[PDB]
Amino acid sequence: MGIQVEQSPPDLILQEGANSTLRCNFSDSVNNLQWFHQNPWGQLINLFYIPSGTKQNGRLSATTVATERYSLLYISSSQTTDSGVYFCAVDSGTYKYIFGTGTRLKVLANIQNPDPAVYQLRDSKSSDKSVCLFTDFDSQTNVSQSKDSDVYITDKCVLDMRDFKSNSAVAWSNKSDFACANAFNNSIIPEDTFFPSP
C-alpha cells in the first residue's frame, strides 16, 4: 500500500542530437522495475524492464541498483520523436506496479539558418477571415499564451522537409483590424524579425 517514487528532473529541455540522463528514486526494497514512454495520443510503450543490472537495446540504455534504491534512463543522440513523458513503474504488494510523477522531456530542434518572420494568411472560401503565422524562428523562443481573451494563439510545432527543420506558431482573432505587427506583442521575439506588408 505504501510506496513513494520521485523522478528527477521533473522537466528536461534539450537540443537535437544531445545526450541526457533522467533518474527514478524509490523508498522501500523493489523486486521489479519498468521504464515507459508516453506519446501525445496517450499510449504507454514499454521501453525497458530492469529489476537488476544494466540492459543495452537500441539507442536507449538503462541501469538499476536495488542496494542504493535508484534507476537511470539514458538517451544517446536524442531526436524529436523522443519528446514525451517518461514514467517509472515500481513494484514492492505481490506484483502491483505503481507509476511515479513522470519526467517531462521536450527535444528542441535547433535550425541551422533561423529567419524569424510574421506572415498574414487568408481563407480559401471567405474573404473577411484571416490568420497570422510566426515561422522559421529558433527553438529557444518562448511564445507566451496571451492576452486580450479575444485573440487566440498556439504553442510551437516541429516539422521536417529535407536536412530542413522549421518551427511555427498560429495566432488568430476575427476582430476589426487585427494587424500581424500588433500580434505576438506579449511574447519577446528577436530584433531581426521580418514583418511584411499585406
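Residue indices: 1-based, along the sequence shown.
- Per the compared records, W35 is resolved in all of the other entries whose models span it, so no third of them omit it.
- Modelled in this chain, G93 is nonetheless unresolved in at least one third of the other entries of the protein that span it on both sides.
- The deposited sequence places 1 to 3 unmodelled residues between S92 and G93.
- Unmodelled residues of the deposited sequence between neighbouring positions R162 and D163 number 1 to 3.
- Stretches 29 to 37 and 147 to 155 differ in mean C-alpha B factor, with the higher average recorded for 147 to 155.
- When the CA B factors of the chain's modelled residues are split into thirds, the value for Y97 lands in the highest one.
- In the deposited entry, the Cα temperature factor of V85 places it in the lowest third of its chain's modelled residues.
- Looking at the C-alpha B-factors along this chain, the one for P198 belongs to the middle third.
- Among the modelled residues of its chain, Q56 has a C-alpha B-factor that falls in the middle third according to the deposited record.
- Residue-level temperature factors show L22 in the lowest third of its chain, judged at the C-alpha atom.
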